[PDB]
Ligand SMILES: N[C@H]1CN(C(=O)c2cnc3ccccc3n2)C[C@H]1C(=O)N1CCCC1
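Here's a solo chain for you in structure tokens, the form deposited without this ligand.
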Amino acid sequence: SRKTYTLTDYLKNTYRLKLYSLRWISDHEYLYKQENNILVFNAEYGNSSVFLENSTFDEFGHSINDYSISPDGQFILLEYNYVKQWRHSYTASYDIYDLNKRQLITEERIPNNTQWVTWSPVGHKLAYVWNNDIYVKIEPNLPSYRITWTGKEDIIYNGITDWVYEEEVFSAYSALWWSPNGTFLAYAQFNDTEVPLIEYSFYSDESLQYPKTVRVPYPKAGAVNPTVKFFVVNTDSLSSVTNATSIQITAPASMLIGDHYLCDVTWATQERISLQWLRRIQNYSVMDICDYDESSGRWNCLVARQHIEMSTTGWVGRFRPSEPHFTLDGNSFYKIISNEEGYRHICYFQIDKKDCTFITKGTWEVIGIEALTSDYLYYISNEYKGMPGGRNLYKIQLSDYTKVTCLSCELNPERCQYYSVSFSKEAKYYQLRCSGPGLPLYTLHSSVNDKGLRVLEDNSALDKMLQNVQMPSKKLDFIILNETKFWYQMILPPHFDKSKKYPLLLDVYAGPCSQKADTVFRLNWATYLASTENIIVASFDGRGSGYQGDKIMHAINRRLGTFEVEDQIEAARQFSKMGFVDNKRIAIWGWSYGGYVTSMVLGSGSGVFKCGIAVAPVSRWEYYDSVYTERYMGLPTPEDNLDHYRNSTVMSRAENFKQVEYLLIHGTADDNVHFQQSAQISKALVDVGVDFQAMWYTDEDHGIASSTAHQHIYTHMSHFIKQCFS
């Protein structure tokens, strides 16, 4: 029949997925941007009006890469001169457009090279970070109030995170949190003074005669970590003559005794904020609930109002302690914590009572709490059909935990088994986002009866294009290893014949709490391999995997590079025995943690794999950052876990690579998994006399995502796999 999904289709994105990204501005309306203008929609009836015409900025004279409308609907923040930094961080120039007077504000404009900017939750106040210091604008056209004066490049960070906090704890560059009505602005300050610097060359454009050396405060495992302080300022009590006063919230003592981290900040009410702290040994965390003292001006966090969250089997939380969701009065809150059986469920706390009450239970987990009304609590879980890789929205009656209703399970069970949700301001409405196994489907619903209002986007256009192409199919199932079931997925070539023996590629990540076997619909490299090259692309979730309880997830505690790699080998072993797999052509590849596992597997001497590809792999844990590495490995000291740190390197397995074909790939400007990691792998291979293939990508970082580098790497990897299988 017709054509197949080719590499060019993947690299040129010939088959595009349609989305419906909306932004709720109230409990009844949302903004829906288009290639040109922004419309405002009425959720109840579906009618719309133009919020702001596309031409409006025809002669702005700058390429605008993003807008941000004040909660007010009164102003629009125009972002341009975007310059990316790390995974989330970047700098840019900003201009504010007054939607009232339809005029661009030209006075007291936000400075260029601004690091972060954000409106207050309600009015139109602005808070931004420039040169590592925090500034606040009460009105768009008025002078800014400086909040901090200690900002110093690569040393003191006010309102923004340093490298490790951005990548590993807040997943954001922002380190400031406005109170509910905008009165208070809370923020964190990081000090990297004694944090060592990772240094690497950046070659830049051909015209640069001498390469530049990039240096960034980056704490590797066991190194000196940055320290943190927390402050809260009243933005209603600032002059312009007085240097605003930031009230610091310190402790707790159980944390100050040694190295620790600030891992969460969540406002409870107008005058109550909650903070979660984590010891460097991420076995123990403490939440403080602090109240603003009217006549004192300071903040007090009553003990007895603090809650301890610890683990005896591993670290706390999936990647960090979960965030609390406070009831309206801020006197109680709900939060996801691990069960006595090791399953993460919603517990209900009274702010001044130590024991909480689990409101959900079972051998499945709550992925996240999505909304809270005085009536119900909405959450996503993988309870349905007992499929860990499925996601559905549920609502539980606060008055009777016995009454739990699934809101998405039955909408279209064939096409939709993986959902995410987006509620309006007061949860009056919600958009459901189906991402698989069928084509993504976006719909709108009203919470009063959970009635489906209408279909927002059904990807019918893409559906029409795909019926003329031989697409692969996807199989989601499980195998059983000593009592326990472990899930896997396989992207199967079109016209799959179980009597035929296909070459198999094991797509791996396998990091702690990861999930590579799910019901999500994807159009990627694997789609091409299966559709055009007739390769089966499988993924397996073994020990260390997430969303299935702690017995499985914590199985690799203090032992990275053991069970999770062994299980990938075992999975391949079972696959090669299902009947439709050519055991002479089994390969493996992964990126980052997956590059590490791929390398550990290729050097295991198992002999199960013929070839493999490792992209930006970790090679030895002492080279990776402290927050992530130590969370699972503890400290690289003789008193703690040094022996296993030394036993789990890729380099020690070099000799075993004589039995496989290896392709090692790494971006030279990788600020995350340093090129150093692959540099040591190659040196060990050379020292043992093992031949292999390699490819460096000049000035590319961890994503090797530039348009040209992206196309080049996948093209290179395609040739390698085909050669290995042909």
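Numbering starts at 1 and runs along the sequence shown.
There is another form of this protein, the form solved in complex with this ligand, and it is not shown here; the text below is about that form.
- Relative to this ligand in the bound PDB entry, residues 5, 15 and 461 are all farther than 4.5 Å at every heavy atom.
- Residue contact check for residue 300: none of its heavy atoms lie within 4.5 Å of this ligand in the bound PDB entry.
- Contact annotation for residue 167: at least one heavy atom lies within 4.5 Å of this ligand in the bound PDB entry.
- Although the partner is absent here, residue 445 sits far enough away that none of its heavy atoms falls within 4.5 Å of this ligand in the bound PDB entry.
- Residue contact with this ligand in the bound PDB entry: residue 345 places no heavy atom within 4.5 Å of it.
- Checked against this ligand in the bound PDB entry, the residues 296, 171, 468, 405 give one hit for a heavy atom within 4.5 Å, which is 171.
- Among 419, 624, 333, 429, the residue placing a heavy atom within 4.5 Å of this ligand in the bound PDB entry is 624.
- None of 405-413, 317-325, 351-359, 451-459 except one has non-hydrogen atoms within 4.5 angstroms of this ligand in the bound PDB entry; the exception is 317-325.
- Along 669-702, these residues reach a heavy atom to within 4.5 Å of this ligand in the bound PDB entry: 672, 673, 702.
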